[PDB]
């Protein structure tokens, strides 16, 4: 049979696929869409493909202008397979430590480079990890705190309310609340 991993990440099925766009920002968070080979392991209602991602964005009357992918554990999809042409960036966010400073800067640079080129539209920066929750929430909130001067608890609350789930990792939360501006 074909070569290619296709295991469903632990807890992936448990999360709402796509959050609401965060008002006051151009962020939106989602869990990783899965390419076709994964679907052998899913019920139809559990599937969440790249097509489903774009459909759900459209349902909100929004449009992605950049995808930032934080994942590393498997090949989940190839950007060139996305059914809409959208700028893409991989930023590997590995393991469970607070994302390192290089990762934080690469995130900020990607966001800022997108914004500076899109001042006549409201296209979004879509950010995903596996669950679209922990690494995603951390980086979004770190951006808001550092770049926009948002109080950490206000960033976390906005992220949580829009995502549909609360940021879980306590070390991430603690760094947001008490760690340094990068």
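Numbering follows the first chain given and starts at 1.
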property	result
Residue stretch of maximal mean CA temperature factor, 146 to 154 vs 49 to 57	146 to 154
Residue selected from 33, 126, 44, 137 by maximal Cα B factor	44
Among modelled residues of the same chain, the CA temperature factor third for residue 69	lowest
Ranked C-alpha temperature factor of residue 26 among modelled chain residues, by third	lowest
Residue 75 by Cα B-factor - lowest, middle or highest third of the modelled chain	middle
Modelled-residue ranking by C-alpha temperature factor, third containing residue 103	middle
B-factor third for the C-alpha atom of residue 119 within its chain	middle
